[PDB]
file query-v1.txt (compact mmCIF, C-alpha atoms and all ligand atoms)
# COMPACT_ATOMS: atom_id res chain seq x y z
CA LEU A 1 8.51 13.98 -8.70
CA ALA A 2 10.73 11.21 -7.38
CA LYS A 3 9.47 7.66 -7.72
CA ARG A 4 8.62 6.19 -4.32
CA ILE A 5 9.43 2.79 -2.79
CA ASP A 6 6.89 1.60 -0.18
CA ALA A 7 6.95 -1.38 2.19
CA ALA A 8 3.73 -2.99 3.40
CA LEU A 9 3.53 -4.90 6.69
CA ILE A 10 0.62 -7.31 7.25
CA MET A 11 -0.22 -7.56 10.95
CA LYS A 12 -2.47 -9.78 13.13
CA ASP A 13 -2.94 -9.50 16.91
CA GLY A 14 -0.11 -6.89 17.03
CA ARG A 15 2.46 -9.06 15.16
CA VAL A 16 3.94 -9.02 11.66
CA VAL A 17 2.34 -12.05 9.97
CA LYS A 18 5.16 -14.46 8.98
CA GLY A 19 7.77 -12.01 10.41
CA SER A 20 11.05 -11.17 8.65
CA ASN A 21 14.58 -12.52 8.07
CA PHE A 22 16.45 -9.55 9.60
CA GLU A 23 18.54 -11.36 12.27
CA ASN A 24 19.89 -8.01 13.51
CA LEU A 25 16.43 -7.13 14.92
CA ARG A 26 15.58 -7.83 18.59
CA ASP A 27 12.15 -9.00 17.48
CA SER A 28 11.86 -9.51 13.71
CA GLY A 29 8.04 -9.89 14.05
CA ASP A 30 7.61 -6.54 15.85
CA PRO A 31 5.99 -4.18 13.32
CA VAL A 32 7.39 -1.07 15.04
CA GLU A 33 11.04 -2.21 15.08
CA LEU A 34 10.76 -3.63 11.53
CA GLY A 35 9.13 -0.41 10.28
CA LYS A 36 11.83 1.70 11.95
CA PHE A 37 14.58 -0.42 10.34
CA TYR A 38 13.01 0.03 6.89
CA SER A 39 12.81 3.80 7.41
CA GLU A 40 16.58 3.81 8.16
CA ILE A 41 17.72 1.75 5.13
CA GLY A 42 15.78 3.69 2.45
CA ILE A 43 12.04 2.87 2.35
CA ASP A 44 10.16 6.09 1.52
CA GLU A 45 6.73 5.31 3.02
CA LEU A 46 5.25 2.48 5.10
CA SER A 47 1.87 0.75 4.95
CA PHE A 48 0.52 -1.13 7.96
CA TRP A 49 -2.32 -3.54 7.21
CA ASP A 50 -4.26 -5.08 10.10
CA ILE A 51 -6.24 -8.36 9.96
CA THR A 52 -6.98 -8.70 13.69
CA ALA A 53 -10.25 -10.65 13.52
CA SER A 54 -12.85 -8.71 15.17
CA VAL A 55 -12.96 -7.89 18.91
CA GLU A 56 -9.56 -6.29 19.79
CA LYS A 57 -9.09 -4.78 16.31
CA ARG A 58 -9.95 -1.10 16.95
CA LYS A 59 -7.79 -0.75 20.08
CA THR A 60 -5.01 -2.82 18.44
CA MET A 61 -4.83 -0.58 15.35
CA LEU A 62 -4.90 2.60 17.49
CA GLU A 63 -2.04 1.34 19.69
CA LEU A 64 -0.07 0.35 16.59
CA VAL A 65 -0.44 3.83 15.06
CA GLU A 66 0.59 5.52 18.34
CA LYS A 67 3.74 3.35 18.70
CA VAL A 68 4.74 3.78 15.04
CA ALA A 69 4.29 7.58 15.12
CA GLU A 70 6.63 7.88 18.14
CA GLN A 71 9.45 5.93 16.48
CA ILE A 72 9.41 6.58 12.70
CA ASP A 73 9.81 9.89 10.84
CA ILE A 74 8.67 8.94 7.32
CA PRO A 75 5.01 9.01 6.23
CA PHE A 76 2.85 5.99 6.91
CA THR A 77 -0.53 4.59 6.01
CA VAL A 78 -2.84 2.35 8.07
CA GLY A 79 -5.51 0.08 6.60
CA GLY A 80 -7.54 -3.08 7.02
CA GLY A 81 -11.29 -2.95 7.49
CA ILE A 82 -11.62 0.81 7.97
CA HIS A 83 -15.40 1.16 7.45
CA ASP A 84 -16.42 4.71 8.41
CA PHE A 85 -15.26 8.28 9.02
CA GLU A 86 -14.94 8.03 12.82
CA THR A 87 -12.64 4.99 12.56
CA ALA A 88 -10.47 6.77 9.95
CA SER A 89 -10.50 9.99 12.00
CA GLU A 90 -9.29 8.37 15.23
CA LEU A 91 -6.43 6.59 13.41
CA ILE A 92 -5.24 9.81 11.71
CA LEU A 93 -5.48 11.83 14.94
CA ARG A 94 -3.56 9.14 16.87
CA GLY A 95 -0.65 9.40 14.41
CA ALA A 96 -1.25 7.99 10.92
CA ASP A 97 -0.57 10.28 7.96
CA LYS A 98 -2.99 8.46 5.66
CA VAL A 99 -5.74 5.86 5.73
CA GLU A 100 -6.07 3.11 3.09
CA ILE A 101 -9.66 2.02 2.23
CA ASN A 102 -11.11 -0.39 -0.33
CA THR A 103 -14.38 -2.27 0.33
CA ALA A 104 -16.03 0.51 2.37
CA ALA A 105 -15.17 3.07 -0.34
CA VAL A 106 -16.66 0.93 -3.12
CA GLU A 107 -19.87 0.45 -1.09
CA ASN A 108 -20.09 4.12 -0.08
CA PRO A 109 -17.91 6.36 -2.31
CA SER A 110 -18.91 9.45 -0.25
CA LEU A 111 -16.64 8.04 2.51
CA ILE A 112 -13.68 9.17 0.36
CA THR A 113 -15.03 12.73 0.27
CA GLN A 114 -15.99 12.74 3.97
CA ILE A 115 -12.46 11.82 5.10
CA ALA A 116 -10.91 14.30 2.61
CA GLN A 117 -13.23 17.13 3.81
CA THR A 118 -11.55 17.05 7.27
CA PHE A 119 -8.06 15.60 6.62
CA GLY A 120 -7.36 16.62 3.01
CA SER A 121 -7.17 14.47 -0.13
CA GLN A 122 -3.53 13.59 0.71
CA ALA A 123 -4.75 11.60 3.77
CA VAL A 124 -7.00 9.31 1.65
CA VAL A 125 -5.53 6.33 -0.22
CA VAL A 126 -7.94 4.10 -2.16
CA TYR A 127 -6.74 0.54 -2.68
CA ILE A 128 -8.23 -0.91 -5.89
CA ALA A 129 -7.99 -4.70 -6.23
CA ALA A 130 -8.61 -5.58 -9.89
CA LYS A 131 -8.70 -8.73 -12.03
CA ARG A 132 -9.36 -9.69 -15.66
CA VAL A 133 -12.84 -11.19 -16.13
CA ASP A 134 -14.14 -12.03 -19.62
CA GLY A 135 -11.61 -9.58 -21.11
CA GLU A 136 -12.41 -6.54 -18.89
CA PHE A 137 -10.61 -5.21 -15.78
CA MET A 138 -13.13 -5.60 -12.89
CA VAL A 139 -13.03 -4.25 -9.32
CA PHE A 140 -13.04 -6.81 -6.48
CA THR A 141 -13.93 -6.34 -2.80
CA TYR A 142 -13.81 -8.42 0.42
CA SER A 143 -10.16 -9.48 0.04
CA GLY A 144 -10.71 -10.62 -3.56
CA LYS A 145 -13.86 -12.64 -2.78
CA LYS A 146 -16.45 -10.48 -4.60
CA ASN A 147 -16.56 -9.39 -8.23
CA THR A 148 -18.44 -6.10 -7.90
CA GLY A 149 -19.26 -5.88 -11.61
CA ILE A 150 -17.77 -2.36 -11.57
CA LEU A 151 -15.27 -1.65 -14.34
CA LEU A 152 -11.78 -0.57 -13.25
CA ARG A 153 -12.02 2.30 -15.76
CA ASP A 154 -15.20 3.67 -14.15
CA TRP A 155 -14.02 3.25 -10.55
CA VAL A 156 -10.67 5.04 -11.11
CA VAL A 157 -12.50 8.09 -12.50
CA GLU A 158 -15.02 8.09 -9.63
CA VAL A 159 -12.25 7.73 -6.98
CA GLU A 160 -10.53 10.89 -8.27
CA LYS A 161 -13.88 12.70 -8.54
CA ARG A 162 -14.70 11.85 -4.89
CA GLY A 163 -11.41 13.45 -3.70
CA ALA A 164 -8.92 10.61 -3.09
CA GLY A 165 -5.23 11.53 -2.90
CA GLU A 166 -3.64 8.34 -4.24
CA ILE A 167 -4.59 5.02 -5.81
CA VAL A 168 -2.95 1.71 -4.93
CA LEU A 169 -3.50 -0.58 -7.91
CA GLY A 170 -3.34 -4.19 -6.73
CA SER A 171 -3.44 -6.90 -9.39
CA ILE A 172 -5.23 -10.03 -8.15
CA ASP A 173 -3.84 -11.68 -11.35
CA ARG A 174 -0.32 -11.33 -9.71
CA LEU A 175 -1.20 -12.41 -6.13
CA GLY A 176 1.49 -14.74 -4.79
CA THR A 177 3.50 -14.52 -8.02
CA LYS A 178 7.04 -13.28 -8.53
CA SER A 179 6.78 -12.66 -12.31
CA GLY A 180 6.53 -8.85 -12.18
CA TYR A 181 4.04 -6.08 -11.60
CA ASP A 182 0.97 -6.02 -13.83
CA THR A 183 2.37 -3.40 -16.22
CA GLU A 184 -0.57 -3.83 -18.65
CA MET A 185 -2.97 -2.88 -15.83
CA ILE A 186 -0.79 0.10 -14.84
CA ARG A 187 -0.67 1.34 -18.46
CA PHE A 188 -4.47 0.93 -18.72
CA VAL A 189 -5.08 3.10 -15.64
CA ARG A 190 -2.37 5.78 -16.26
CA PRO A 191 -4.31 7.91 -18.83
CA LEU A 192 -7.52 7.76 -16.73
CA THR A 193 -6.26 9.66 -13.66
CA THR A 194 -3.96 12.48 -12.59
CA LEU A 195 -3.51 10.88 -9.15
CA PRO A 196 -0.37 9.08 -8.00
CA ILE A 197 -0.54 5.38 -8.89
CA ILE A 198 1.12 2.91 -6.52
CA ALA A 199 1.76 -0.55 -8.01
CA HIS A 200 1.14 -3.64 -5.84
CA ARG A 201 1.43 -7.46 -6.33
CA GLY A 202 3.86 -9.44 -8.49
CA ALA A 203 7.29 -8.05 -7.57
CA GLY A 204 10.09 -10.65 -7.46
CA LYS A 205 13.31 -8.88 -8.54
CA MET A 206 14.70 -5.33 -8.91
CA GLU A 207 14.02 -5.10 -12.66
CA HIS A 208 10.26 -5.42 -12.00
CA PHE A 209 10.34 -2.03 -10.21
CA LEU A 210 11.97 -0.43 -13.27
CA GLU A 211 9.26 -2.02 -15.46
CA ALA A 212 6.48 -0.64 -13.23
CA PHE A 213 7.92 2.90 -13.39
CA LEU A 214 8.21 2.70 -17.20
CA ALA A 215 4.51 1.73 -17.21
CA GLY A 216 3.65 5.01 -15.43
CA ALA A 217 3.56 4.08 -11.73
CA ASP A 218 4.51 6.88 -9.32
CA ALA A 219 5.37 4.39 -6.57
CA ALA A 220 5.86 0.67 -6.07
CA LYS A 221 4.75 -1.21 -2.97
CA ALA A 222 5.92 -4.67 -1.87
CA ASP A 223 6.04 -6.79 1.26
CA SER A 224 7.37 -10.39 1.36
CA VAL A 225 10.20 -9.71 -1.19
CA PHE A 226 11.60 -7.23 1.35
CA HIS A 227 10.73 -9.13 4.58
CA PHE A 228 12.31 -12.39 3.39
CA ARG A 229 15.21 -10.47 1.78
CA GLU A 230 14.75 -11.52 -1.84
CA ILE A 231 15.34 -7.83 -2.68
CA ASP A 232 17.57 -5.50 -0.63
CA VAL A 233 16.09 -1.99 -0.39
CA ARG A 234 19.38 -0.08 -0.72
CA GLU A 235 20.46 -2.28 -3.69
CA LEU A 236 17.08 -1.62 -5.30
CA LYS A 237 17.43 2.16 -5.00
CA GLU A 238 21.02 2.05 -6.31
CA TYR A 239 19.83 -0.10 -9.24
CA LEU A 240 16.95 2.28 -10.08
CA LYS A 241 19.21 5.36 -9.92
CA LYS A 242 21.80 3.66 -12.18
CA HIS A 243 19.17 3.16 -14.91
CA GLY A 244 17.83 6.71 -14.85
CA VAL A 245 14.93 6.53 -12.37
CA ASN A 246 14.55 9.53 -10.05
CA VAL A 247 14.54 7.97 -6.56
CA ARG A 248 15.63 9.43 -3.21
CA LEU A 249 19.06 8.28 -1.93
CA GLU A 250 20.06 8.99 1.70
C1 LIG A 301 -7.12 -3.52 0.56
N1 LIG A 301 -7.99 -4.11 -0.25
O1 LIG A 301 -8.34 -5.29 0.33
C2 LIG A 301 -7.68 -5.40 1.48
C3 LIG A 301 -6.93 -4.30 1.62
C4 LIG A 301 -6.15 -4.13 2.68
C5 LIG A 301 -6.12 -5.11 3.67
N2 LIG A 301 -5.36 -4.95 4.73
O2 LIG A 301 -5.01 -6.13 5.51
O3 LIG A 301 -5.02 -3.61 5.08
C6 LIG A 301 -6.89 -6.24 3.53
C7 LIG A 301 -7.69 -6.36 2.40
call {"tool": "encode", "arguments": {"input": "query-v1.txt", "output": "structure tokens"}}
result
Amino acid sequence: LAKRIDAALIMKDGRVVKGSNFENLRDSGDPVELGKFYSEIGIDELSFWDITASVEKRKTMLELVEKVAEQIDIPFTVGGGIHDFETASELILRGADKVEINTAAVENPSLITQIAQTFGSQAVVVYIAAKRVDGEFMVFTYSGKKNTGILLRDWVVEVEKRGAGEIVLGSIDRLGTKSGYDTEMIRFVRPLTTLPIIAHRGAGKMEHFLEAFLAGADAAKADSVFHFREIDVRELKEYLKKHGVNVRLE
């Protein structure tokens, strides 16, 4: 299948954290209008990540999903502290196509299966944050704060076994960098799973997307490179097509 380009939007109290540089937008920090604009210029799927610190979070995420579903016609994922089946269920029913889970899945891997039982494997995305520690790829939880001691190799196999649809592979070793995706990490994971692998962290220029796809990624996700317009989405897709990558053009 076609390689996929995803945009992730980090949100807090209903706003896109640090906004965007699209002057054409009425409100460049509105996640709905920004998401809609991305869907029009060639983003394939959207990810909405909420960090509303406690209290209003549940209602905020549900209202976000409802507003997004009304306006956009490409698939989207919602994530950020989804801890149980009922939370995931209400977000999917309100409009999300998929839910994206990390810490709660590591702590209770049956959560993957429970969501998939009702909504299908295709509705369950597991985000795996990994980092090199003493020469092994280790799985990290709590926004990179906790080394679980679980090997990346073991967790990838378990995630597929439990019934996840896709894996987002986030390299903590590339957080905040613009040097490229962690292609070594992608190549390490590729033979271990039949699931779609979505690369995250490290993108800085168009050539990094090509590199990630050569490494075996099925999709590439980014955020600030798009929001601050370091990479244009249409230019990226034209570049990838030029060099033989199967991507969807309009
Ligand atoms: C995934 N792994 O750690 C995370 C993940 C997502 C979000 N988020 O804001 O959706 C936060 C931490």
call {"tool": "closest_residue", "arguments": {"input": "query-v1.txt", "among": "A:208, A:190, A:12, A:174", "to": "residue 156 (chain A)", "atoms": "all atoms listed in the file"}}
result
A:190
call {"tool": "atom_distance", "arguments": {"input": "query-v1.txt", "atom1": "CA of residue 203 (chain A)", "atom2": "CA of residue 188 (chain A)"}}
result
18.5 Å
call {"tool": "closest_residue", "arguments": {"input": "query-v1.txt", "among": "A:32, A:206, A:82, A:247", "to": "residue 50 (chain A)", "atoms": "all atoms listed in the file"}}
result
A:82
call {"tool": "residues_around", "arguments": {"input": "query-v1.txt", "residues": "residue 109 (chain A)", "least_positions_apart": "2", "cutoff": "10 Å", "atoms": "only C-alpha atoms", "output": "compact mmCIF listing (two decimals) with C-alpha atoms, in the coordinates of the input"}}
result
# COMPACT_ATOMS: atom_id res chain seq x y z
CA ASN A 102 -11.11 -0.39 -0.33
CA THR A 103 -14.38 -2.27 0.33
CA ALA A 104 -16.03 0.51 2.37
CA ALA A 105 -15.17 3.07 -0.34
CA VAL A 106 -16.66 0.93 -3.12
CA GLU A 107 -19.87 0.45 -1.09
CA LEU A 111 -16.64 8.04 2.51
CA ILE A 112 -13.68 9.17 0.36
CA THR A 113 -15.03 12.73 0.27
CA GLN A 114 -15.99 12.74 3.97
CA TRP A 155 -14.02 3.25 -10.55
CA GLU A 158 -15.02 8.09 -9.63
CA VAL A 159 -12.25 7.73 -6.98
CA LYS A 161 -13.88 12.70 -8.54
CA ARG A 162 -14.70 11.85 -4.89
CA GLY A 163 -11.41 13.45 -3.70
CA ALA A 164 -8.92 10.61 -3.09
call {"tool": "residues_around", "arguments": {"input": "query-v1.txt", "residues": "region 51-57 of chain A", "least_positions_apart": "3", "cutoff": "9 Å", "atoms": "only C-alpha atoms", "output": "ChimeraX atom specification"}}
result
/A:10-14,60-62,80-81
call {"tool": "atom_distance", "arguments": {"input": "query-v1.txt", "atom1": "CA of residue 238 (chain A)", "atom2": "CA of residue 33 (chain A)"}}
result
24.0 Å
call {"tool": "atom_distance", "arguments": {"input": "query-v1.txt", "atom1": "CA of residue 63 (chain A)", "atom2": "CA of residue 96 (chain A)"}}
result
11.0 Å
call {"tool": "decode", "arguments": {"input": "query-v1.txt", "residues": "region 47-81 of chain A", "atoms": "N, CA and C atoms", "output": "CSV table (one decimal), in the first residue's frame"}}
result
chain,number,residue,atom,x,y,z
A,47,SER,N,-3.5,13.1,13.9
A,47,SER,CA,-3.5,12.7,15.2
A,47,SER,C,-3.7,13.9,16.1
A,48,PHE,N,-4.6,13.8,17.1
A,48,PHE,CA,-4.9,14.8,18.1
A,48,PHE,C,-4.5,14.3,19.4
A,49,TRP,N,-3.5,15.0,20.1
A,49,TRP,CA,-3.0,14.6,21.3
A,49,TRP,C,-3.2,15.6,22.4
A,50,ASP,N,-4.0,15.2,23.4
A,50,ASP,CA,-4.5,16.2,24.5
A,50,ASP,C,-3.6,16.0,25.8
A,51,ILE,N,-3.3,17.2,26.3
A,51,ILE,CA,-2.5,17.3,27.6
A,51,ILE,C,-3.2,18.2,28.6
A,52,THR,N,-4.5,18.3,28.5
A,52,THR,CA,-5.3,19.1,29.4
A,52,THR,C,-5.2,18.4,30.8
A,53,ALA,N,-4.6,19.2,31.7
A,53,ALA,CA,-4.2,18.6,33.0
A,53,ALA,C,-5.4,18.6,33.9
A,54,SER,N,-5.5,17.5,34.6
A,54,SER,CA,-6.8,16.8,34.8
A,54,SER,C,-8.1,17.6,34.5
A,55,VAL,N,-9.1,17.4,35.4
A,55,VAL,CA,-10.3,18.2,35.6
A,55,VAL,C,-11.2,18.2,34.3
A,56,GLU,N,-10.9,19.1,33.4
A,56,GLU,CA,-11.8,19.3,32.2
A,56,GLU,C,-11.4,18.4,31.1
A,57,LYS,N,-10.4,17.5,31.3
A,57,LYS,CA,-9.9,16.7,30.2
A,57,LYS,C,-10.9,15.8,29.4
A,58,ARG,N,-11.7,15.1,30.1
A,58,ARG,CA,-12.6,14.1,29.5
A,58,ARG,C,-13.6,14.8,28.5
A,59,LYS,N,-14.3,15.8,29.1
A,59,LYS,CA,-15.2,16.6,28.3
A,59,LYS,C,-14.5,17.4,27.2
A,60,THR,N,-13.3,17.9,27.4
A,60,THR,CA,-12.5,18.6,26.4
A,60,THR,C,-12.2,17.7,25.2
A,61,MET,N,-11.7,16.5,25.5
A,61,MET,CA,-11.4,15.6,24.4
A,61,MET,C,-12.6,15.1,23.6
A,62,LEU,N,-13.7,14.9,24.3
A,62,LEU,CA,-15.0,14.5,23.7
A,62,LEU,C,-15.5,15.6,22.8
A,63,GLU,N,-15.5,16.8,23.2
A,63,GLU,CA,-15.9,18.0,22.4
A,63,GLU,C,-15.0,18.2,21.2
A,64,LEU,N,-13.7,18.0,21.4
A,64,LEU,CA,-12.7,18.0,20.3
A,64,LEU,C,-13.0,17.0,19.2
A,65,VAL,N,-13.2,15.8,19.6
A,65,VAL,CA,-13.6,14.7,18.7
A,65,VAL,C,-14.8,15.0,17.9
A,66,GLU,N,-15.9,15.5,18.6
A,66,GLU,CA,-17.1,15.8,17.9
A,66,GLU,C,-17.0,16.9,16.9
A,67,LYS,N,-16.3,18.0,17.2
A,67,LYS,CA,-16.0,19.1,16.3
A,67,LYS,C,-15.2,18.7,15.1
A,68,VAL,N,-14.1,17.9,15.3
A,68,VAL,CA,-13.3,17.4,14.2
A,68,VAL,C,-14.1,16.5,13.3
A,69,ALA,N,-14.9,15.6,13.8
A,69,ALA,CA,-15.6,14.6,13.0
A,69,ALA,C,-16.6,15.3,12.0
A,70,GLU,N,-17.2,16.4,12.5
A,70,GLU,CA,-18.1,17.2,11.7
A,70,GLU,C,-17.4,17.8,10.5
A,71,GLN,N,-16.2,18.3,10.7
A,71,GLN,CA,-15.5,19.1,9.7
A,71,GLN,C,-14.5,18.4,8.7
A,72,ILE,N,-13.9,17.3,9.2
A,72,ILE,CA,-12.8,16.7,8.4
A,72,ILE,C,-13.4,15.3,7.9
A,73,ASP,N,-12.9,14.9,6.7
A,73,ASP,CA,-13.3,13.7,6.1
A,73,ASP,C,-12.1,12.7,5.8
A,74,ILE,N,-11.0,12.9,6.5
A,74,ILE,CA,-9.9,11.9,6.5
A,74,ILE,C,-9.9,11.2,7.9
A,75,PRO,N,-9.3,10.0,8.0
A,75,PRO,CA,-9.2,9.4,9.3
A,75,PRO,C,-8.5,10.2,10.3
A,76,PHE,N,-8.9,10.1,11.6
A,76,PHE,CA,-8.1,10.7,12.7
A,76,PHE,C,-8.1,9.8,13.9
A,77,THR,N,-7.0,10.1,14.7
A,77,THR,CA,-6.7,9.4,15.9
A,77,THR,C,-6.7,10.4,17.1
A,78,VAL,N,-7.2,10.0,18.2
A,78,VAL,CA,-7.2,10.8,19.4
A,78,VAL,C,-6.4,10.0,20.5
A,79,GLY,N,-5.6,10.8,21.3
A,79,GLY,CA,-4.7,10.2,22.3
A,79,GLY,C,-4.4,11.2,23.4
A,80,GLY,N,-3.8,10.7,24.5
A,80,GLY,CA,-3.3,11.5,25.6
A,80,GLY,C,-4.0,11.1,26.8
A,81,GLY,N,-3.4,10.1,27.6
A,81,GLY,CA,-3.9,9.7,28.8
A,81,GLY,C,-5.2,8.9,28.8
